[PDB]
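Colleague: Protein chains in written order, with the working numbering: chain H, 206 to 292; chain U, 71 to 116.
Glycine included, C-beta positions come from ideal geometry on N, C-alpha and C.
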Amino acid sequence: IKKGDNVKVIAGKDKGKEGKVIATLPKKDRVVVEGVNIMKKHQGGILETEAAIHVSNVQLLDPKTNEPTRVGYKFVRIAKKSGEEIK
Amino acid sequence: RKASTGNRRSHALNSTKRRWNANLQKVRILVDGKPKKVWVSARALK
RNA sequence: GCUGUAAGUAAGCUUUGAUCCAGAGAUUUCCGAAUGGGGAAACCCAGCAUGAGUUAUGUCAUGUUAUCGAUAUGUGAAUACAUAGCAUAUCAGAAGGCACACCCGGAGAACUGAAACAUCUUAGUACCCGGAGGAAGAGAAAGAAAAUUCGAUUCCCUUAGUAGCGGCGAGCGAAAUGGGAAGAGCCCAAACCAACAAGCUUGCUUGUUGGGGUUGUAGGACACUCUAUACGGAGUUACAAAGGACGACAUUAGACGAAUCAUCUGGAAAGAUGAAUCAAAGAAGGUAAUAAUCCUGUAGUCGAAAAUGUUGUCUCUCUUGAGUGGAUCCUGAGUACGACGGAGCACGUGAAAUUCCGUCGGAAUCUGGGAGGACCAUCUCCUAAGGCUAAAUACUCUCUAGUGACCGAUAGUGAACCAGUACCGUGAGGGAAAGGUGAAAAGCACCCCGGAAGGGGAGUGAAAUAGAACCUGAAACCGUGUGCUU
RNA sequence: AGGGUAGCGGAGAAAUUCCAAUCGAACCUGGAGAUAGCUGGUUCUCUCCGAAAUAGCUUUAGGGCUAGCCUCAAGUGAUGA
RNA sequence: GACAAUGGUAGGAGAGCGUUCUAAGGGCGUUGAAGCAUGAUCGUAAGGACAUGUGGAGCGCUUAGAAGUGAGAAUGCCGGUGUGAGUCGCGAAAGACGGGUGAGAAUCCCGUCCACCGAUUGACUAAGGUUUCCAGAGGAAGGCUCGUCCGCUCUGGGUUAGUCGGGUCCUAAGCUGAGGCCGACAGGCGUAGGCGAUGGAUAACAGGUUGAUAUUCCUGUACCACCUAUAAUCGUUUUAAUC
RNA sequence: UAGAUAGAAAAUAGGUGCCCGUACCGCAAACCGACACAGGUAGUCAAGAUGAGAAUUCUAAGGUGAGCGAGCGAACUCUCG
RNA sequence: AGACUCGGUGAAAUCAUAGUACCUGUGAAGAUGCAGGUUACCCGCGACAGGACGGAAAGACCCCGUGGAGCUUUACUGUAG
Ligand SMILES: [Mg+2]
Ligand SMILES: [Mg+2]
Ligand SMILES: [Mg+2]
Ligand SMILES: [Mg+2]
Ligand SMILES: [Mg+2]
Ligand SMILES: [Mg+2]
Ligand SMILES: [Mg+2]
Ligand SMILES: [Mg+2]
Ligand SMILES: [Mg+2]
Ligand SMILES: [Mg+2]
Ligand SMILES: [Mg+2]
Ligand SMILES: [Mg+2]
Ligand SMILES: [Mg+2]
Ligand SMILES: [O]
Ligand SMILES: [O]
Ligand SMILES: [O]
Numbered sequence: 206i207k208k209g210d211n212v213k214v215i216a217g218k219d220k221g222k223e224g225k226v227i228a229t230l231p232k233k234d235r236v237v238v239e240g241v242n243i244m245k246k247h248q249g250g251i252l253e254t255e256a257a258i259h260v261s262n263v264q265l266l267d268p269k270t271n272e273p274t275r276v277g278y279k280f281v282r283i284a285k286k287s288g289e290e291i292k
Numbered sequence: 071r072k073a074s075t076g077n078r079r080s081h082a083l084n085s086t087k088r089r090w091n092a093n094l095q096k097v098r099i100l101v102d103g104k105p106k107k108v109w110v111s112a113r114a115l116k
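1) If you check the beta carbons only, do residue 236 of chain H and residue 260 of chain H fall under 8 Å apart?
2) What are the partner residues of residue 211 of chain H, as DSSP defines its beta bridges?
3) In the structure shown, what three-state DSSP assignment does residue 265 of chain H receive?
4) When the Cα atoms are used, what is the spatial distance from residue 226 of chain H to residue 254 of chain H?
5) Residue 251 of chain H lies in the beta strand (DSSP E); which residues open and close that run?
6) Express the C-alpha separation of residue 90 of chain U and residue 99 of chain U in angstroms, rounding to a whole number.
7) Should residue 87 of chain U be labelled buried (16 or more other beta-carbon atoms within 10 Å of its own) or exposed?
8) Do the region 212-229 of chain H and the region 265-283 of chain H meet, that is, are 3 or more Cβ pairs less than 8 Å apart?
9) The beta strand (DSSP E) that contains residue 108 of chain U, what's its start and end?
10) Beta carbon of residue 111 of chain U, beta carbon of residue 96 of chain U: below 8 Å?
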């Protein structure tokens, strides 16, 4: 439900980090974001592409802090905890 | 009607088993109220 | 975001709202009841009409073409009459399929028990056939019973393994009174009238509609008195007659849906440690390890353009309802009953009622007839010989939502996986074995030997003695070496 | 080569021979987990007691029933040896 | 503290252990569960703890309840592994040499010689099987050995008809069989007609050609039916040409 | 012949001509026989010398060398003289 | 030709554990496994075949079963016709 906005990945390899997302993959439920870099290899010794994680993620717009995203009233449109700006 | 009718048991004088018919009476006639023919009983032809 | 499982590549689509979800509609090749003919199922061959293309034939497109019956026609003649038949047209008719379930009916067994067996039981089971339903059957007293009588049927309990049947052995087995679930009662036939009909005896009677009328404490007819009036009404489309309008509710896609931060360990926390929060929501599952406060979610609330289903009120239809008197008539005929052989009633021919079957004989008409377990009498009760009937009940091929002191891969469906498969058999038919990498494919770049396979190294990863015949990896079995010994 | 007859049956120059490698009555499914007085098999320890192989009857003698002979819990109460 | 008993099958009575699950309570667990393995340990027994290694996520304990509750033996079912055994066999048969290939050849290709069948181990078709056919690669298993090869795998590719066998022609045996006769239902019989060839009738030959097709392709030469176009014969639509 | 129907077409030119099957083995390695199995598997052609002859012996046509072999040359079994 | 040695490939019915003598005796009354004596260094290979009451086949003979089928008859009871 996300198309390249901000997040804070909290509960994975290394946390406290943020970044912006690529394909959400609705079926596998796995998003692509800067924060994991597999050492893939083809015939280079390594490749350093970008890999995915399950949704252990959260958004942050006004508080500059993770909150439970909360799609609220119809004006649909997002309406977060403390502040209500677009997703 | 033309049916083996009443198919049940037949006891002997000491009551062994045996199946029978009681094949109901029917004799054929030029019917006296319609010019065709068909099996017909006697009990009706009184 | 998408182009299934099923990777991958390339081409492309998509806020001008894809894909996806739900409802309606359109298509829906061929075989198959198969239905124009034929046929070794999925092929072949035709016919007629119309219409494509040819100069023309060959060739094609669509439509149509079976049987049976049941209606309307004509036509029919072996014989003149005119029927049998014959050609044509109409029908949303039927045929078939199935859920091996539940129901009714036709037919209908044996092993077995009996300590053997023929009566018997198993059993009126199985399978077979047929029919219909979503439930069926039954059914509104020619009962049950013996009193302060009740007044369709069915099912559950109980009476009762009692009373009884029985080579009186095996064994079989009610019913009633009573307590409960559900509760519903109605139309014909007949005697009477009108109409039309052949015999018109110019006598009226039979043939067909409409009325008329439906019963035991007798009733109707017929005669008489009032109600109603084309309706005051009851109507009740689930029986009782068969048609149609218009609101509410549920179902088939969905949405909202309260709440947490940090330290240590870790590859990774959802754990320990602390301090905090929501609760109509601490059900559940997933999330790199065990989470009410990360996601899906739940409590609760909202929501349907269209379609369906059930319910409601006006339309809608359709309808007279009682009473007395009983002079005269009517109350279901080759029926009921008897005998003869049989079956079934818990009941084996027994004293054997009551009910059904076949042959044969053969009653009565309300001062009548049947039952009350042989049969007669008195008493009591009921009125066949015509028909319909919801619910209570039995089952679940299937769907929705749920559950388990149920199984967790030799268990459980035979079947967790590409199974009624491979396979076996001519054929009916019988029938297998086989789950798991890791959190994520990050699925071993690169060097080396090697023809390859395979391997040693280097690296991905916490771990590759997790490296695809990939979690864990026992015992048998096989080896390599070695302390002691021969 | 194409066809027929099908098991309570058929066909048989007849032997109880053939009927999809089987025939003193084929084959598959269902009744059906048929029946068996017969054989075979019956899963974890200890403690206490402890037999019989006889009588009778048995279309019975390798089975059964009753009495004997055992065990357990009550009762009797010195009756037993 | 004394006294006495304590072999034991069928079998009777009694007390007991552990497994799976449930309920409740209280506890353990990445600072490594369960299981597994090792061990010189506890208990009278069935059995249970402990330490260590491997293992990588759930488990114990007390009280009680319900059980598909225990397996050495069924000529038991299934699975795996041996024993026999590197033992019998390797499915009639005459091969040898050279040259190539290849990582590697008694077995593969090439040739020369030799031997064998020859009313045939030859050539052609039917039934039958279903792509085995041909080319190019490959050798994991199959081949009763080896294999650089195959009828095995992988990729690709191959079957041509107016005259041929057959259908649009016929029919027996037999099968089906409108109406119809019979039967408890099912269904059974059977006329009309219809299907059904191994038979009857039926218009074609020779050569060439591909790694793989041949009366099918081309090359030449022929035939039957049919339509269209054209004219030398007909003359009531009779009869005559004519169907 | 009943019947159709005005009234042909000699030989000429031109064209039209459907479905199935067709590969391969087919006394075999490919069919039935569970096997790349010493079995069966209808039919057609079937040459040469010798011979009555499709017999027999040896060869054409053409096809094959049989899917384990090398040693030694004992028992024993089998096949032949 | 097989067998036998070398190379290649590589089964089976069977199988309580085994480091598996003989005699005379005992014994379920015919012993590798017991008692008493006797002789015999460990391990092979090729041959024979007395024993392993050897294997294969829940004994085809005999008997039992209140087992079963087929068949006969002036056995019973019934029956189609
Ligand atoms: Mg219909
Ligand atoms: Mg009688
Ligand atoms: Mg009668
Ligand atoms: Mg397992
Ligand atoms: Mg014979
Ligand atoms: Mg049994
Ligand atoms: Mg006793
Ligand atoms: Mg075992
Ligand atoms: Mg050479
Ligand atoms: Mg063919
Ligand atoms: Mg052969
Ligand atoms: Mg000759
Ligand atoms: Mg050897
Ligand atoms: O059985
Ligand atoms: O059984
Ligand atoms: O049995």
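Modeller: This is what the structure gives:
1) Within the first sequence, the letter at position 31 stands for residue 236 of chain H. Within the first sequence, the letter at position 55 stands for residue 260 of chain H. Yes, they are a contact pair.
2) Here the question's residue 211 of chain H lines up with position 6 in the first sequence. Answer is H:225.
3) Here the question's residue 265 of chain H lines up with position 60 in the first sequence. Reduced to three states, the DSSP call for residue 265 of chain H is coil.
4) Indexing the first sequence from 1 puts residue 226 of chain H at position 21. Indexing the first sequence from 1 puts residue 254 of chain H at position 49. Spanning the two alpha carbons is a distance of roughly 14 Å.
5) One-based indexing of the first sequence puts residue 251 of chain H at position 46. Segment: none, residue 251 of chain H is in no beta strand (DSSP E) and carries neither H nor E.
6) Counted from its first residue, the second sequence places residue 99 of chain U at position 29. Counted from its first residue, the second sequence places residue 90 of chain U at position 20. Straight through space, the alpha carbons of residue 90 of chain U and residue 99 of chain U are spaced by roughly 27 Å.
7) Mapped onto the second sequence, residue 87 of chain U falls at position 17. Flag for residue 87 of chain U reads exposed.
8) Counting Cβ pairs under 8 Å, three or more are found: they touch.
9) Sequence index remark: in the second sequence, residue 108 of chain U carries index 38 (1-based). Start and end: 107-110.
10) Numbered from its first residue, the second sequence carries residue 111 of chain U at position 41. Numbered from its first residue, the second sequence carries residue 96 of chain U at position 26. Yes, they are a contact pair.
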